[PDB]
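Following: one structure in structure tokens, then a few remarks.
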Amino acid sequence: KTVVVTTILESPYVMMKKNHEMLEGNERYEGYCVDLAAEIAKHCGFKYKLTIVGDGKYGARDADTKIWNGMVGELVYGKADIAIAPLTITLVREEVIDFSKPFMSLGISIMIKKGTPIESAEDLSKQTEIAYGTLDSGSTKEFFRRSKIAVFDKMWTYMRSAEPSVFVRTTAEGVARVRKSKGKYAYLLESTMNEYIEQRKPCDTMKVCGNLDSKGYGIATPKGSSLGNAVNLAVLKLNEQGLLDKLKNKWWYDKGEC
Amino acid sequence: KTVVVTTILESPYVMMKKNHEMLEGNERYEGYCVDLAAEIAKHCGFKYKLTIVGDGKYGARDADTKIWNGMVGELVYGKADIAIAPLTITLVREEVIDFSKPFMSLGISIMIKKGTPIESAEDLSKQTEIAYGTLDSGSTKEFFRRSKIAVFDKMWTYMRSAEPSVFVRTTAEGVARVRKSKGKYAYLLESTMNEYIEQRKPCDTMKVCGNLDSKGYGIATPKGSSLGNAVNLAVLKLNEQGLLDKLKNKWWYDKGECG
Ligand SMILES: N[C@@H](CCC(=O)O)C(=O)O
Ligand SMILES: N[C@@H](CCC(=O)O)C(=O)O
């Protein structure tokens, strides 16, 4: 039958076209992840439908109830066959879903307003005038929640107890908060997105050099999926043929403005 | 009567058109700095000739002889009326020529082959398997020669004594050397040029995060010349109306080829 692909509205992975109200089906969407889905579906020879995760979340596990939300929940509870998104491979998610080999590399990173005196997480941790936060339900929050490294536990400790909340619900809200804070808010986010925002107008944010960690995005499928193997191979082939590099160039750097 | 403009072939500031062999005079050339000259000559109303500096160099002073070469020398000894090129504003050059206000900002940067394990200039300084070098007679060489920062001084000492020479005569030679070295050569160059090349075919180069310094390009004229003020006056006006930003966009990002 047709494969249900869950994914998430996160520029430049998946974005709405300007005139999407005049378009239908998978043609409503464009982006790196839309192009990757097209290629994987070609190399695996299946038909697919792109769907946007209804809760708009990546995926995390509720501690009290052990239930998954976001794209992970869609796979675990059978609402979708495959997730194609900037979805971070992590040990905890690996317990309930299967990931392909990485199609992209990234690390947690810092975004500041051009001008802000910050060069590192250690600078952030040792001061208080500049507030910092993360997206409210992703691998970046969890990295800090679970870190045993002193700088990062201190940062998590400050972030969990800050009033008002330093967490945001969307990358766009975090970026907006950086722009509006006169250099008084730094946004902790993945380097691929930090890089994308850096080269878009109004060109007032900067990505601090040096990531806090190093990891990858994978295509995810449910445990037991017959699709699991074909998608892994599709990822490796497209990396061999250089297509992953071309799409990254296509969506990040071709369209720069700074 | 005609204003002689000295400049240098550096993509995307100044380039030969694909069909330059069918053209003559100022029509052989294209690029950011070509457009800027055409516009500056409009707002000041003079006719000009574009010339490519004969020694192909930006400009340096011989220690023993105190004589300048390159585009700086063309201005100091009266072979040209004005230089319009990615010519870096520096204190030692200001002793002998007049610079406009910056028309563009940049920093020293690092170019590697996609794959190379280098994350910073400090990383370069601490190892031996990967060679690095600069253009042989410009501000980037002098920045390193003169730096009181330990890493950059460690880098100059390695570069000057390295065998074979890690220095190159043209930006293109430095870029070619990166591609041909399987990640065994890193090229230290200015950020505007590194960024343009990164998104040009064959798309096998990368710019390390973080510039090593911050400085600007200026239009140069000879010391005392009346054309200096007339041309600076043109520089700032056209930025206010976005002319500089339009040319920056027109020549840099429009022209990607790696997606
Ligand atoms: N890529 C992350 C979302 C972004 C973030 O957590 O900063 C995830 O899969 O949870
Ligand atoms: N703009 C430099 C040339 C480029 C470089 O040294 O990297 C100069 O004015 O000498």
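Counting begins at 1 with the first residue displayed.
Quick check of the header: X-ray crystallography, 2.3 Å.
The backbone N, Cα and C atoms fix where each Cβ goes, and this holds for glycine too.
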Disulfide-bonded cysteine for B:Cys258 as listed in Swiss-Prot, from B:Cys44, B:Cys203: B:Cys203
L-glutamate binding, same site as B:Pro86, B:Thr88, B:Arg93, B:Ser139, B:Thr140 - Swiss-Prot member from B:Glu30, B:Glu190, B:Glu195: B:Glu190
Site from B:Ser125, B:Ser181, B:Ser214, B:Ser225 that Swiss-Prot describes as phosphoserine, others unannotated there: B:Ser181
Near chain A - the recorded positions B:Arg61, B:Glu190, B:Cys203, B:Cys258, filtered by Cβ distance under 8 Å: B:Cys203, B:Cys258
Minimum Cα separation from B:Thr88 (L-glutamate binding site), reported as the residue among recorded positions B:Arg145, B:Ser181, B:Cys203 that achieves it: B:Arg145
Recorded positions whose CB lies under 6 angstroms from ligand 2, from B:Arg61, B:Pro86, B:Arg93, B:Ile118, B:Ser147, B:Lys237: B:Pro86
Shell of the L-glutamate site beyond B:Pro86, B:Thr88, B:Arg93, B:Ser139, B:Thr140, B:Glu190, same chain only (C-beta within 8 angstroms of their C-beta centre): B:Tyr58, B:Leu87, B:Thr90, B:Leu106, B:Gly138, B:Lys215, B:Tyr217
Where B:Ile118 (site 'Crucial to convey clamshell closure to channel opening') falls in three-state DSSP terms: coil
Alpha-carbon distance [B:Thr140 (L-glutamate binding site); B:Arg61 (site 'Interaction with the cone snail toxin Con-ikot-ikot')] in Å: 14
Cβ neighbour count within 10 Å of B:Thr88 (L-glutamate binding site): 22
Nearest of the recorded positions (B:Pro86, B:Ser181, B:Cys203, B:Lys237) to B:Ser147 (phosphoserine) - Cα to Cα: B:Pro86
